[PDB]
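To keep things clear, I will list the structure first and then write my remarks on it.
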Amino acid sequence: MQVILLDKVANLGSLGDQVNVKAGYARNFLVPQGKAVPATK
Amino acid sequence: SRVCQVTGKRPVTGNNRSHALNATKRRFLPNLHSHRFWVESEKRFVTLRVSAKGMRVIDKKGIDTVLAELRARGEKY
RNA sequence: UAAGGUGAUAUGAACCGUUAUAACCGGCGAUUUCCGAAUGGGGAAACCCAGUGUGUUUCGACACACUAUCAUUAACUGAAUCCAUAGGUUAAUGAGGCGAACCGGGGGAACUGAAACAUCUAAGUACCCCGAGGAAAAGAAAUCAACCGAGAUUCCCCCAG
RNA sequence: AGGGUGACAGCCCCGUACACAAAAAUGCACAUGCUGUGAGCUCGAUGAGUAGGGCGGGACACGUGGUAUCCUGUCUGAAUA
RNA sequence: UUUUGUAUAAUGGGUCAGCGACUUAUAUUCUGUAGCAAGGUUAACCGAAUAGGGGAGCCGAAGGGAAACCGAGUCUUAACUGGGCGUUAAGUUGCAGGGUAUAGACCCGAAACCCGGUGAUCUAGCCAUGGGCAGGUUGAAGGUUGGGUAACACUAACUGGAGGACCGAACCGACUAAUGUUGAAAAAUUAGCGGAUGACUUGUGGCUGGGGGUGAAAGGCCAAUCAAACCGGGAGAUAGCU
RNA sequence: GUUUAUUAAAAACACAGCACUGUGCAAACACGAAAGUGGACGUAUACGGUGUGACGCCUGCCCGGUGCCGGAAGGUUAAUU
RNA sequence: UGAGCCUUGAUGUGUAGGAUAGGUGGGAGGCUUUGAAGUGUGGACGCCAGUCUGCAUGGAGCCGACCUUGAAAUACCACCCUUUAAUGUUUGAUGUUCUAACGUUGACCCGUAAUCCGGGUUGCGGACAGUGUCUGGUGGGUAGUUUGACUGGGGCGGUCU
RNA sequence: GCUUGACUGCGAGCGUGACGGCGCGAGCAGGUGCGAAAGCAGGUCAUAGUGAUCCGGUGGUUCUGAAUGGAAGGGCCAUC
Ligand SMILES: [Mg+2]
Ligand SMILES: [Mg+2]
Ligand SMILES: [Mg+2]
Ligand SMILES: [Mg+2]
Ligand SMILES: [Mg+2]
Ligand SMILES: [Mg+2]
Ligand SMILES: [Mg+2]
Ligand SMILES: [Mg+2]
Ligand SMILES: [Mg+2]
Ligand SMILES: [Mg+2]
Ligand SMILES: [Mg+2]
Ligand SMILES: [Mg+2]
Ligand SMILES: [Mg+2]
Ligand SMILES: [Mg+2]
Ligand SMILES: [Mg+2]
Ligand SMILES: [Mg+2]
Ligand SMILES: [Mg+2]
Ligand SMILES: [Mg+2]
Ligand SMILES: [Mg+2]
Ligand SMILES: [Mg+2]
Ligand SMILES: [Mg+2]
Ligand SMILES: [Mg+2]
Ligand SMILES: [Mg+2]
Ligand SMILES: [Mg+2]
Ligand SMILES: [Mg+2]
Ligand SMILES: [Mg+2]
Ligand SMILES: [Mg+2]
Ligand SMILES: [Mg+2]
Ligand SMILES: [Mg+2]
Ligand SMILES: [Mg+2]
Ligand SMILES: [Mg+2]
Ligand SMILES: [Mg+2]
Ligand SMILES: [Mg+2]
Ligand SMILES: [Mg+2]
Ligand SMILES: [Mg+2]
Ligand SMILES: [Mg+2]
Ligand SMILES: [Mg+2]
Ligand SMILES: [Mg+2]
Ligand SMILES: [Mg+2]
Ligand SMILES: [Mg+2]
Ligand SMILES: [Mg+2]
Ligand SMILES: [Mg+2]
Ligand SMILES: [Mg+2]
Ligand SMILES: [Mg+2]
Ligand SMILES: [Mg+2]
Ligand SMILES: [Mg+2]
Ligand SMILES: [Mg+2]
Ligand SMILES: [Mg+2]
C-alpha cells in the first residue's frame, strides 16, 4: 500500500511523502492515528 | 448470516470431487471477519462483518464511500 | 321489468301488490356481530382482561374511537463523556396475510438405467424456500459470421439424432 | 340452433335470425386542459477490486480432455480507446 | 395354469351380475394399396381456415476413400494379372397394417430408497408440582444411669427407633398351572406368586423425533405398527419372478 | 432392584467397590452448519469414558503383532514457489 | 541466521618443481617520484611450503621468463570455483520485545427496572489464538455398494483359456 | 559352407466357425539369399506357447487441421 505521511514516524518516513508500507500497518496504525493518508491524490 | 456486508458475498454450493470423481455437496464460505473500521468523517469506529476482499475494496475506495453505498442499499451498520 | 309475490326441503299461517315506492333483475351506496394477517395485552380460534380520550352523569354505570410489529421520514428529546452518538417518545406513509397454474432466483434428492456398480443417467426432475407480474425472464452486441456479410430479445419449424 | 309442452311441433310456449336499449358505474381506442415530468444542438465523458491469472467448483451439448467462452469461494491484478 | 408328464392328493375359482389386461404419441424399416414419377413432398406460418399459398427443408437420382480428393469409377500399392466396394428397376408422399426405438408401454403385485411434514393422550427417559403406602414385628447408631478406667477402652439395664429390614392388605408387577385360543378379552379370567418407606408408586402439565429420540441393554419402546414410526409426494420406483 | 408391553424374568442388565484413562476451566466430552446449551451457577476428594462387579486371598510371564503415549536425527513426503 | 550484490583475499604443490601451477599473460615488461629486503596488528589458508595483507627503521630494487615443469609463472593484466570480510543490499527462517488489528465465558460505567446484547473506560493475552480457501494424514463416526459361475440340493473341495 | 525369404504390396481358390475371428494357399509385382542349374526360401515336422474393444504412449505421414498461415489435436501406417 502507498501512504502519504503526515508526521515524522521515527521508524521509516518523514512528512509529506508517498511511501510503500504494509497494508495492515497502514490500515490499523498510520491512518487511524493521523500520521498518514492513502495515496489517492 | 455469513454475508460480507461490503461486497455482498454469501456462501455458495459446489461439490467435493474425489480422485475417483465421487461428488458430494459442499459449501464454499466467504472469508468474513468482524473488523472495526475507523471513520475520520465522524471520529468514531464502525464495525462491519467484511471479507478480506471486502477489506481490500475498503482500502481501494475508502470507508466513507462504502458506508455511502451501504446506506443506499439500506442495510444498517 | 311488472301482475303477481313473501328462497328450498315444505305444505300451511299471516299478509303485500295489480299499472305502478309489491316481488324480481342491474348500478351505486348504507349496515356489515365474533374469530381469522387480527393489529390494545393475552389465549386452549370464534374467548378472557384492559389503557387513554371524548361524551352521556343520580354514585352503580353506558357509548364511541384509538392503542400491534417492522421499514421510511420528520419533529421533540437524550447515556456512558464535553459536543455528539446510540437509545426514547410522537406523528405521517408503506408492508404483512390469502390464492390454481404459469415465471425468476436460493437449495436440491433417490428409486431407476447402465442388464451388478462407484464416473455417468435418473435430473437441475420431485421437493422445500424466497420474490413478482398479468404475464415473468431476456433484451439493444465487448454478438455471429468468414474476409461475402448479418445486425437487440422471445417463440415455432428445419438444420439434426 | 336449442329446450319444453300428456308420443316425434319451423308455425303452442320459451327462444333463435334480425332490430334495438342504460339513469348510474365502469374497461378500452382517441382526443382536449392541467400537474412533476422533457426534446434538439455543440463540446467532453465514455462504467477498476474490473478484465486476466493461480487454486477449487459449477454452467455451457462439451464428464479436464489439446478445451475455447461464462459464473464465481479464496489469493492476486491491468490497459483504459 | 404350469409342465417331460396331471383325474391328480400340484395352482386358481363358492355362485351370479357389472368392471378388468397388447393402448397412445413421435420417429425408423418392411408389406399392401392410392397419387405423382427422375422426380416425390411439404413443416412452421399466412389464409373468406380440411381449399390456396409457403419448396425453408427432407428423401432419391453416384459411388469409392479414414481423409484430401477422385468420379462410373474409386481405394490399396511403386503398380496391379489383381482384389474390396460400386456401375444395367424407381423413387417418394399419404392411408392401413406387421416389427423396432423412446416414453408407466399388456395388466396386477413387492420388500426397499429419497424428499416434506404429523406424532412422547400408549410406552422409554427426564423436569416441575401434588398425592398413596391397613395392620403387626425386628430391633442399629445415639443417649441416660450405674460397674469399670489414670482417662479412656469395655461392660449391664433402661431408653432409642435405623433399615434400598421382616410378615402382610390397598397400590405396583407377572413366576407356575388350568381355562380360553372364530375368546367375555387383538394378552385376559380363576387358584396360587413377587415388591409393598423405596433404585417405590401415582395424578396433572412439560421436554427429547426418525439414521433420530429414549433405553438398569431386550434391538427393547417411540399411539394394537419398529434391524430404522406414520402420512403425503418422487411413483404407474424396478421386478430376467409369479 | 431392572429387563424382551403381547411365548424367554434368567446365570442376563444394574449395583456399591476396584482399576486404567482423559480433562487446568472458555475443561474434556455431547447437542448444535453457528449463536449458544448441558457438563456446572460444579473445578482434579471434580467431571467424562472404558472394563471388572460386594467381601476374603490374590491378579504370574510376554511390548513381537494391532493400538496408544513419548522422540526427533535420518529416509520418503502435499499445497505453494 | 541461510541465495544473489565495490569479493579488492578469493586457494588451488596427479608428475616433477629456488619456486604451494585450470588456462586466456595485455606472451614478456611491470617497475622506479603512493617509496623497492627486521611488516612496530598478524593470521586467512596452513598438506604448514610459504601466496600473505594501514605497519616502508630501509624512501627506489627484489625481481621475468631464463634452469628443472604436461603449461610457464595470475610482473598496474577483464568470467580464478563444494570457505568466509563483502558498503550492506534486497530476502526466507528462528528467536526476543511492542501494540494498533484480533480475542477476552476479567472488572467497572451506560442504554436499563435487564448476570442477553451493544457502547465506553480499563486489565490481560496479542499478531498468537480463531475463521475462510487450498492441501497432506487419520477417519466403519457416517453413507453408497461389491462379495462370479459350474455343482448329481447348496456349502467345502476342484475346475474356468 | 554361405547367409537373412523370421522379406514389402497383393492373392485365384478353399477349409473352419453363430459371429468376432482362425487357418491353408498356388500365382502376380518389387527386391534379396543359396545353388552350375532345375529350383527352393514371405520362419521352425504339424498340431499349444495366449486375449477383443476403449483409453493412451512412441516413430513416420504435411490426410484433415473450424477466419486465414501455422500449430495443438485428430486420422492413416508401424508399434507398445
Ligand atoms: Mg449423484
Ligand atoms: Mg386483540
Ligand atoms: Mg395478539
Ligand atoms: Mg444413484
Ligand atoms: Mg441397474
Ligand atoms: Mg437389472
Ligand atoms: Mg310415452
Ligand atoms: Mg475471473
Ligand atoms: Mg478474479
Ligand atoms: Mg483461462
Ligand atoms: Mg415336476
Ligand atoms: Mg390320465
Ligand atoms: Mg379328491
Ligand atoms: Mg386340484
Ligand atoms: Mg391358475
Ligand atoms: Mg381354492
Ligand atoms: Mg406397430
Ligand atoms: Mg411397470
Ligand atoms: Mg411433538
Ligand atoms: Mg404402620
Ligand atoms: Mg423393605
Ligand atoms: Mg415390567
Ligand atoms: Mg391374581
Ligand atoms: Mg400379594
Ligand atoms: Mg424379600
Ligand atoms: Mg411383603
Ligand atoms: Mg412424582
Ligand atoms: Mg423422513
Ligand atoms: Mg440379539
Ligand atoms: Mg406398538
Ligand atoms: Mg433404511
Ligand atoms: Mg421416477
Ligand atoms: Mg407414491
Ligand atoms: Mg408397481
Ligand atoms: Mg414377554
Ligand atoms: Mg414371562
Ligand atoms: Mg460382567
Ligand atoms: Mg493380567
Ligand atoms: Mg507394541
Ligand atoms: Mg516396541
Ligand atoms: Mg507417534
Ligand atoms: Mg457400511
Ligand atoms: Mg443405488
Ligand atoms: Mg451357484
Ligand atoms: Mg469354493
Ligand atoms: Mg515341433
Ligand atoms: Mg485455423
Ligand atoms: Mg499433427
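Chain identifiers are assigned as A, B, and so on, following the order in which chains appear in the C-alpha cells; residues are numbered from 1 within each chain, and ligands are numbered from 1 in order of appearance.
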Within 9 Å of ligand 47, counting only C-alpha atoms (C1' of nucleotides) and all ligand atoms, which protein or nucleic acid residues do you find, written as a ChimeraX atom specification? /H:65-71
Using C-alpha atoms (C1' of nucleotides), can you write the selected residues to a file as a PDB file, in the first residue's frame?
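Final file, result13.pdb:
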```
ATOM      1  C1'   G H  65      -6.259 -29.021 -39.143  1.00  0.00           C
ATOM      2  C1'   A H  66     -13.481 -24.910 -37.521  1.00  0.00           C
ATOM      3  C1'   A H  67     -11.477 -16.614 -40.388  1.00  0.00           C
ATOM      4  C1'   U H  68      -6.512 -17.002 -42.910  1.00  0.00           C
ATOM      5  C1'   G H  69      -0.880 -19.175 -42.235  1.00  0.00           C
ATOM      6  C1'   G H  70       0.927 -22.398 -38.851  1.00  0.00           C
ATOM      7  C1'   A H  71       0.459 -25.365 -34.628  1.00  0.00           C
TER       8        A H  71
END
```
Using only C-alpha atoms (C1' of nucleotides) and a distance of at most 12 Å, pull out the residues of chain G that contact chain A, as a ChimeraX atom specification. /G:99-102,127
Throw together the list of residues within 10 Å of ligand 43, counting only C-alpha atoms (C1' of nucleotides) and all ligand atoms, and drop it here as a PDB file with C-alpha atoms (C1' of nucleotides), in the first residue's frame.
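Writing done, so here's result_36.pdb:
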```pdb
ATOM      1  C1'   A C 110     -33.246 -41.088  -4.525  1.00  0.00           C
ATOM      2  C1'   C C 111     -35.717 -45.184  -6.615  1.00  0.00           C
ATOM      3  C1'   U C 112     -34.487 -46.267 -11.913  1.00  0.00           C
ATOM      4  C1'   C C 117     -21.907 -50.669  -9.508  1.00  0.00           C
ATOM      5  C1'   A C 118     -18.789 -46.237  -7.869  1.00  0.00           C
TER       6        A C 118
ATOM      7  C1'   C E 113     -34.616 -45.828  -1.413  1.00  0.00           C
TER       8        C E 113
ATOM      9  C1'   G G 144     -23.213 -45.780  -1.297  1.00  0.00           C
ATOM     10  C1'   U G 145     -22.113 -50.528  -2.927  1.00  0.00           C
TER      11        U G 145
END
```
Contacts of ligand 20, 9 Å or closer, only C-alpha atoms (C1' of nucleotides) and all ligand atoms, given as a PyMOL selection string: chain E and resi 134-136
Keeping C-alpha atoms (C1' of nucleotides) for every residue in the selection just given, could you write it to a file as a PDB file, in the first residue's frame?
```pdb
ATOM      1  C1'   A E 134     -54.202 -51.010  56.605  1.00  0.00           C
ATOM      2  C1'   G E 135     -52.002 -53.730  60.313  1.00  0.00           C
ATOM      3  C1'   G E 136     -48.100 -56.271  63.018  1.00  0.00           C
TER       4        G E 136
END
```
For atom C1' of residue E:224 and atom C1' of residue E:210, determine how far apart the two atoms are, in Å to one decimal place. 20.7 Å
Determine which residues of chain B sit within 10 Å of chain C, taking into account only C-alpha atoms (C1' of nucleotides), and present them as a short mmCIF file (atom, residue, chain, number, x, y, z; two decimals) with N, CA and C atoms, in the first residue's frame.
```
data_model
loop_
_atom_site.label_atom_id
_atom_site.label_comp_id
_atom_site.auth_asym_id
_atom_site.auth_seq_id
_atom_site.Cartn_x
_atom_site.Cartn_y
_atom_site.Cartn_z
N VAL B 12 -21.73 -20.18 -1.26
CA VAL B 12 -22.21 -20.86 -2.45
C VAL B 12 -22.06 -22.35 -2.24
N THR B 13 -22.63 -23.12 -3.16
CA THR B 13 -22.61 -24.57 -3.04
C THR B 13 -21.96 -25.18 -4.26
N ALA B 20 -11.62 -40.35 -7.45
CA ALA B 20 -12.48 -41.19 -8.28
C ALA B 20 -13.73 -40.48 -8.74
N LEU B 21 -13.74 -39.15 -8.67
CA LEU B 21 -14.81 -38.31 -9.20
C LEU B 21 -16.14 -38.54 -8.50
N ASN B 22 -16.13 -39.08 -7.29
CA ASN B 22 -17.34 -39.06 -6.49
C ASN B 22 -17.62 -37.64 -6.06
N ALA B 23 -18.86 -37.20 -6.26
CA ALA B 23 -19.26 -35.83 -6.00
C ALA B 23 -20.18 -35.79 -4.80
N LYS B 25 -22.06 -32.90 -2.04
CA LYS B 25 -22.34 -31.48 -1.90
C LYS B 25 -21.49 -30.85 -0.81
N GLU B 42 -16.67 11.01 11.10
CA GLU B 42 -17.46 11.07 12.32
C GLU B 42 -16.62 11.03 13.59
N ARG B 44 -15.05 8.12 15.01
CA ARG B 44 -15.84 7.01 15.51
C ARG B 44 -15.34 5.73 14.85
N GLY B 74 -29.44 0.41 2.09
CA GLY B 74 -30.38 0.42 3.18
C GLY B 74 -30.01 -0.45 4.36
#
```
At a cut-off of 10 Å and counting only C-alpha atoms (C1' of nucleotides) and all ligand atoms, what residues surround ligand 8? Please answer as a PDB file with N, CA, C and O atoms (P, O5', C5', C4', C3', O3' and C1' of nucleotides), in the first residue's frame.
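Output contents, as saved in pocket10.pdb:
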```
ATOM      1  P     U D  50     -13.697  -6.779  -8.859  1.00  0.00           P
ATOM      2  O5'   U D  50     -14.283  -5.599  -9.752  1.00  0.00           O
ATOM      3  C5'   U D  50     -15.228  -5.866 -10.800  1.00  0.00           C
ATOM      4  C4'   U D  50     -14.614  -5.611 -12.156  1.00  0.00           C
ATOM      5  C3'   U D  50     -13.762  -6.723 -12.744  1.00  0.00           C
ATOM      6  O3'   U D  50     -14.566  -7.804 -13.235  1.00  0.00           O
ATOM      7  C1'   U D  50     -12.740  -4.624 -13.145  1.00  0.00           C
ATOM      8  P     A D  51     -13.950  -9.303 -13.502  1.00  0.00           P
ATOM      9  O5'   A D  51     -13.167  -9.162 -14.875  1.00  0.00           O
ATOM     10  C5'   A D  51     -13.858  -8.937 -16.092  1.00  0.00           C
ATOM     11  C4'   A D  51     -12.893  -8.726 -17.226  1.00  0.00           C
ATOM     12  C3'   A D  51     -11.933  -9.871 -17.491  1.00  0.00           C
ATOM     13  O3'   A D  51     -12.507 -10.857 -18.326  1.00  0.00           O
ATOM     14  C1'   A D  51     -10.737  -7.835 -17.407  1.00  0.00           C
ATOM     15  P     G D  52     -12.193 -12.411 -18.100  1.00  0.00           P
ATOM     16  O5'   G D  52     -10.616 -12.471 -17.929  1.00  0.00           O
ATOM     17  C5'   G D  52      -9.769 -12.486 -19.064  1.00  0.00           C
ATOM     18  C4'   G D  52      -8.317 -12.488 -18.669  1.00  0.00           C
ATOM     19  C3'   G D  52      -7.870 -13.608 -17.753  1.00  0.00           C
ATOM     20  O3'   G D  52      -7.684 -14.842 -18.415  1.00  0.00           O
ATOM     21  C1'   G D  52      -6.991 -11.577 -16.975  1.00  0.00           C
ATOM     22  P     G D  53      -7.910 -16.214 -17.618  1.00  0.00           P
ATOM     23  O5'   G D  53      -6.684 -16.267 -16.610  1.00  0.00           O
ATOM     24  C5'   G D  53      -5.352 -16.198 -17.087  1.00  0.00           C
ATOM     25  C4'   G D  53      -4.365 -16.092 -15.955  1.00  0.00           C
ATOM     26  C3'   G D  53      -4.458 -17.173 -14.902  1.00  0.00           C
ATOM     27  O3'   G D  53      -3.830 -18.371 -15.306  1.00  0.00           O
ATOM     28  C1'   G D  53      -4.269 -15.076 -13.855  1.00  0.00           C
ATOM     29  P     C D  70     -15.074 -15.268 -20.747  1.00  0.00           P
ATOM     30  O5'   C D  70     -16.464 -15.531 -20.026  1.00  0.00           O
ATOM     31  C5'   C D  70     -17.663 -14.949 -20.512  1.00  0.00           C
ATOM     32  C4'   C D  70     -18.854 -15.478 -19.760  1.00  0.00           C
ATOM     33  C3'   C D  70     -18.750 -15.386 -18.249  1.00  0.00           C
ATOM     34  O3'   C D  70     -19.173 -14.126 -17.769  1.00  0.00           O
ATOM     35  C1'   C D  70     -19.406 -17.571 -18.867  1.00  0.00           C
ATOM     36  P     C D  71     -18.532 -13.504 -16.442  1.00  0.00           P
ATOM     37  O5'   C D  71     -19.116 -14.415 -15.276  1.00  0.00           O
ATOM     38  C5'   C D  71     -20.497 -14.395 -14.957  1.00  0.00           C
ATOM     39  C4'   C D  71     -20.833 -15.399 -13.883  1.00  0.00           C
ATOM     40  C3'   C D  71     -20.028 -15.310 -12.601  1.00  0.00           C
ATOM     41  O3'   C D  71     -20.501 -14.297 -11.732  1.00  0.00           O
ATOM     42  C1'   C D  71     -20.202 -17.565 -13.280  1.00  0.00           C
ATOM     43  P     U D  72     -19.551 -13.077 -11.308  1.00  0.00           P
ATOM     44  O5'   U D  72     -18.441 -13.749 -10.390  1.00  0.00           O
ATOM     45  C5'   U D  72     -18.655 -13.937  -8.999  1.00  0.00           C
ATOM     46  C4'   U D  72     -18.776 -15.399  -8.668  1.00  0.00           C
ATOM     47  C3'   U D  72     -17.984 -15.894  -7.472  1.00  0.00           C
ATOM     48  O3'   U D  72     -18.685 -15.667  -6.263  1.00  0.00           O
ATOM     49  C1'   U D  72     -17.838 -17.426  -9.300  1.00  0.00           C
TER      50        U D  72
END
```
Please check which protein, DNA or RNA residues sit within 12 Å of ligand 25, counting only C-alpha atoms (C1' of nucleotides) and all ligand atoms, and write them as a PyMOL selection string. (chain E and resi 164-168+194-196) or (chain F and resi 1)
What lies within 12 Å of residue E:175 using only C-alpha atoms (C1' of nucleotides), ignoring chain neighbours under 6 positions off, as a list in words? residues 192, 193 and 194 of chain E; 9 and 10 of chain F
All residues within 9 Å of ligand 6 are required, counting only C-alpha atoms (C1' of nucleotides) and all ligand atoms; please report them as a PyMOL selection string. (chain C and resi 113-116) or (chain E and resi 238-240)
Write out the residues from the selection above, keeping N, CA, C and O atoms (P, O5', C5', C4', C3', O3' and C1' of nucleotides), as a PDB file, in the first residue's frame.
```
ATOM      1  P     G C 113     -33.480 -50.790 -13.207  1.00  0.00           P
ATOM      2  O5'   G C 113     -32.780 -49.997 -14.389  1.00  0.00           O
ATOM      3  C5'   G C 113     -33.500 -49.623 -15.551  1.00  0.00           C
ATOM      4  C4'   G C 113     -32.592 -48.959 -16.551  1.00  0.00           C
ATOM      5  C3'   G C 113     -31.251 -49.631 -16.758  1.00  0.00           C
ATOM      6  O3'   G C 113     -31.323 -50.721 -17.646  1.00  0.00           O
ATOM      7  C1'   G C 113     -30.923 -47.326 -16.465  1.00  0.00           C
ATOM      8  P     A C 114     -30.472 -52.039 -17.350  1.00  0.00           P
ATOM      9  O5'   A C 114     -28.967 -51.574 -17.552  1.00  0.00           O
ATOM     10  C5'   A C 114     -28.521 -51.080 -18.803  1.00  0.00           C
ATOM     11  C4'   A C 114     -27.265 -50.260 -18.662  1.00  0.00           C
ATOM     12  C3'   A C 114     -26.018 -51.007 -18.244  1.00  0.00           C
ATOM     13  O3'   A C 114     -25.417 -51.660 -19.346  1.00  0.00           O
ATOM     14  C1'   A C 114     -26.199 -48.976 -17.037  1.00  0.00           C
ATOM     15  P     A C 115     -24.246 -52.735 -19.151  1.00  0.00           P
ATOM     16  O5'   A C 115     -24.879 -53.845 -18.211  1.00  0.00           O
ATOM     17  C5'   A C 115     -25.906 -54.701 -18.688  1.00  0.00           C
ATOM     18  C4'   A C 115     -27.176 -54.488 -17.913  1.00  0.00           C
ATOM     19  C3'   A C 115     -27.131 -54.928 -16.449  1.00  0.00           C
ATOM     20  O3'   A C 115     -27.786 -53.969 -15.626  1.00  0.00           O
ATOM     21  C1'   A C 115     -28.958 -55.931 -17.549  1.00  0.00           C
ATOM     22  P     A C 116     -27.029 -53.334 -14.362  1.00  0.00           P
ATOM     23  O5'   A C 116     -26.530 -54.594 -13.541  1.00  0.00           O
ATOM     24  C5'   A C 116     -27.293 -55.120 -12.471  1.00  0.00           C
ATOM     25  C4'   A C 116     -26.434 -55.403 -11.265  1.00  0.00           C
ATOM     26  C3'   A C 116     -25.870 -54.189 -10.552  1.00  0.00           C
ATOM     27  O3'   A C 116     -26.805 -53.589  -9.671  1.00  0.00           O
ATOM     28  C1'   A C 116     -24.150 -55.763 -10.884  1.00  0.00           C
TER      29        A C 116
ATOM     30  P     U E 238     -40.821 -48.308 -13.114  1.00  0.00           P
ATOM     31  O5'   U E 238     -39.888 -49.582 -12.991  1.00  0.00           O
ATOM     32  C5'   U E 238     -38.506 -49.494 -13.287  1.00  0.00           C
ATOM     33  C4'   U E 238     -37.744 -50.631 -12.664  1.00  0.00           C
ATOM     34  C3'   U E 238     -38.319 -52.008 -12.899  1.00  0.00           C
ATOM     35  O3'   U E 238     -37.989 -52.533 -14.166  1.00  0.00           O
ATOM     36  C1'   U E 238     -37.771 -51.770 -10.627  1.00  0.00           C
ATOM     37  P     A E 239     -39.024 -53.488 -14.926  1.00  0.00           P
ATOM     38  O5'   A E 239     -39.101 -54.777 -14.002  1.00  0.00           O
ATOM     39  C5'   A E 239     -37.940 -55.536 -13.721  1.00  0.00           C
ATOM     40  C4'   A E 239     -38.214 -56.617 -12.710  1.00  0.00           C
ATOM     41  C3'   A E 239     -39.373 -57.538 -13.010  1.00  0.00           C
ATOM     42  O3'   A E 239     -39.028 -58.531 -13.949  1.00  0.00           O
ATOM     43  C1'   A E 239     -39.403 -56.922 -10.730  1.00  0.00           C
ATOM     44  P     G E 240     -39.498 -58.416 -15.475  1.00  0.00           P
ATOM     45  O5'   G E 240     -38.704 -59.599 -16.171  1.00  0.00           O
ATOM     46  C5'   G E 240     -37.328 -59.782 -15.878  1.00  0.00           C
ATOM     47  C4'   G E 240     -36.786 -61.069 -16.441  1.00  0.00           C
ATOM     48  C3'   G E 240     -36.666 -62.207 -15.441  1.00  0.00           C
ATOM     49  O3'   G E 240     -36.767 -63.449 -16.128  1.00  0.00           O
ATOM     50  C1'   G E 240     -34.521 -61.610 -16.201  1.00  0.00           C
TER      51        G E 240
END
```
Determine, counting only C-alpha atoms (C1' of nucleotides), which protein, DNA and RNA residues have an atom within 10 Å of an atom of stretch 128-130 of chain G; residues of the same chain fewer than 2 positions away are not included. Present the result as a PyMOL selection string. chain G and resi 102-103+125-126
So that I can check the secondary structure, give me every residue of chain A assigned strand (DSSP E) by backbone DSSP, as a list in words.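 Here are the strand (DSSP E) residues of chain A: residues 2, 3, 4, 5, 18, 19, 20, 36, 37 and 38 of chain A.
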For the residues selected in the previous step, produce a file with N, CA and C atoms as a PDB file, in the first residue's frame.
```
ATOM      1  N   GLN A   2       0.337   2.328  -0.591  1.00  0.00           N
ATOM      2  CA  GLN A   2       1.002   3.622  -0.647  1.00  0.00           C
ATOM      3  C   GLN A   2       0.323   4.579   0.318  1.00  0.00           C
ATOM      4  N   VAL A   3       1.115   5.262   1.140  1.00  0.00           N
ATOM      5  CA  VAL A   3       0.573   6.226   2.087  1.00  0.00           C
ATOM      6  C   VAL A   3       1.323   7.542   1.968  1.00  0.00           C
ATOM      7  N   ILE A   4       0.576   8.639   2.024  1.00  0.00           N
ATOM      8  CA  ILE A   4       1.142   9.975   2.154  1.00  0.00           C
ATOM      9  C   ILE A   4       1.278  10.275   3.639  1.00  0.00           C
ATOM     10  N   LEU A   5       2.511  10.465   4.093  1.00  0.00           N
ATOM     11  CA  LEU A   5       2.780  10.675   5.508  1.00  0.00           C
ATOM     12  C   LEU A   5       2.376  12.077   5.940  1.00  0.00           C
ATOM     13  N   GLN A  18       4.869   9.992  -0.301  1.00  0.00           N
ATOM     14  CA  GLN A  18       4.245   8.698  -0.540  1.00  0.00           C
ATOM     15  C   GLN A  18       5.280   7.598  -0.358  1.00  0.00           C
ATOM     16  N   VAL A  19       4.930   6.609   0.455  1.00  0.00           N
ATOM     17  CA  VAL A  19       5.837   5.532   0.820  1.00  0.00           C
ATOM     18  C   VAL A  19       5.067   4.220   0.838  1.00  0.00           C
ATOM     19  N   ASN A  20       5.754   3.153   0.430  1.00  0.00           N
ATOM     20  CA  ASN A  20       5.186   1.812   0.388  1.00  0.00           C
ATOM     21  C   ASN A  20       5.265   1.207   1.780  1.00  0.00           C
ATOM     22  N   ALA A  36      -0.542   9.350   8.589  1.00  0.00           N
ATOM     23  CA  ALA A  36      -0.505   9.058   7.163  1.00  0.00           C
ATOM     24  C   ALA A  36      -1.912   9.076   6.585  1.00  0.00           C
ATOM     25  N   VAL A  37      -1.973   9.249   5.268  1.00  0.00           N
ATOM     26  CA  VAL A  37      -3.203   9.112   4.486  1.00  0.00           C
ATOM     27  C   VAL A  37      -2.887   8.373   3.196  1.00  0.00           C
ATOM     28  N   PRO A  38      -3.876   7.685   2.626  1.00  0.00           N
ATOM     29  CA  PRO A  38      -3.618   6.902   1.412  1.00  0.00           C
ATOM     30  C   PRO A  38      -3.320   7.786   0.213  1.00  0.00           C
TER      31      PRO A  38
END
```
If we count only C-alpha atoms (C1' of nucleotides) and set the cut-off at 9 Å, which residues sit around residue F:43, ignoring sequence neighbours fewer than 2 positions away in its own chain? Please answer as a ChimeraX atom specification. /F:24-25,27,46-47
So that I can see what lies close to residue E:118, please list as a list in words the residues with an atom at most 12 Å from it, counting only C-alpha atoms (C1' of nucleotides) and leaving out residues fewer than 5 positions away in the same chain. residues 209, 229, 230, 231 and 232 of chain E
Shortest interatomic distance to ligand 34 - which of E:25, E:237, E:9, E:124, counting only C-alpha atoms (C1' of nucleotides) and all ligand atoms: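 Answer, going by the shortest atom-to-atom distance: E:237.
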